[PDB]
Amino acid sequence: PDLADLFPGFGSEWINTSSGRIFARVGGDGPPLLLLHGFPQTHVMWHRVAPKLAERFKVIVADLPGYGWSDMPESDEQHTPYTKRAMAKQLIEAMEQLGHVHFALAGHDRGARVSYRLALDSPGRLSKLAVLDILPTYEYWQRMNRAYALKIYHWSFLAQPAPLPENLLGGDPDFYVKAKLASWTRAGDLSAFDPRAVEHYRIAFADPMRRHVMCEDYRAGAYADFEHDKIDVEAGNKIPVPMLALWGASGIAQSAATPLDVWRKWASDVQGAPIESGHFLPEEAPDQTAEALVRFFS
């Protein structure tokens, strides 16, 4: 049961960075567009939307640092390489390796957190930003309440000090990754996913080192990411890059607050739309997602 290739025609690049290789599928031509997945997935989550994107753009579908087939930089007490700030710097360096110093960027889930952090830290690097089904990390933590704590319990679970989440994830990793996939879809099962993509996610999640990375990501998400965001809210720093906020009508970011209102606080130029899906917009509603992206990225 090999993984196999969900991006016919796309090349496969290993992009060197100072913190380790980024893996990417690259296809298409035209302006560069970087696509960033999140948790618990890999780049293959774009497999239904990348083709439609690659009709107009040089689509780079990257595994986040530490995820998928990207190298896992050694973490540290502060989870530094898995802070969205560090990850954005690494991806910037990755894109520089391909000669893209100014590119479009669409991120889903953790990848979206990299992406808006990228926009805050290095807005000159982006022509346009799209974030899929997230609010800024600071917003999740500020709105933390009973309802949210139960809904995004993994934000605090996975952010527990090692080795607690790692050992518990170890208890049934196949179950957990499928549970997370299914439970944030509209259908509530795995039917929205290509089973070959589910297999990519399952294989990456089978790896304890990959799971530790994801924990590091969430640890960063509870601490440094939050602190970094807090500096920006308190400074009134806004994302100046034109952005599109997509969210699933039945997803994660929609009922922490109305996501366009929240993002309007963070970005001076945002448009947004609900998409009839759960969290996994590019796979639950690929046509609608792809069409929204292509229209906004043009």
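Note that residue numbering begins at 1 and tracks the sequence as displayed. Think of the rigid core as the biggest set of C-alphas that the two forms share within 1.5 Å after superposition.
- Rigid core fits of the other structures in 7 other deposited structures of this protein place the C-alpha atoms of one stretch farther away on average; of 167-175 and 122-130, that stretch is 167-175.
- Looking at mean Cα B-factors across 87-95 and 71-79, the upper value is held by 71-79.
- Of the two segments, 98-106 and 138-146, the one listed with the higher mean B-factor is 138-146 (C-alpha atoms only).
- Of the residues listed, 34, 64, 44, 50, the entry assigns the biggest Cα temperature factor to 50.
- Sort the chain's modelled residues by C-alpha temperature factor and residue 248 lands in the middle third, per the entry.
- When the modelled residues of the chain are ordered by their C-alpha B factor, residue 216 lands in the lowest third.
- Annotation for residue 122: CA B-factor lies in the highest third of the chain's modelled residues.
- Residue 266: CA B factor lies in the middle third for its chain, per the PDB record.
- Residue 171 sits in the highest third of its chain by CA B factor, as recorded in the PDB entry.
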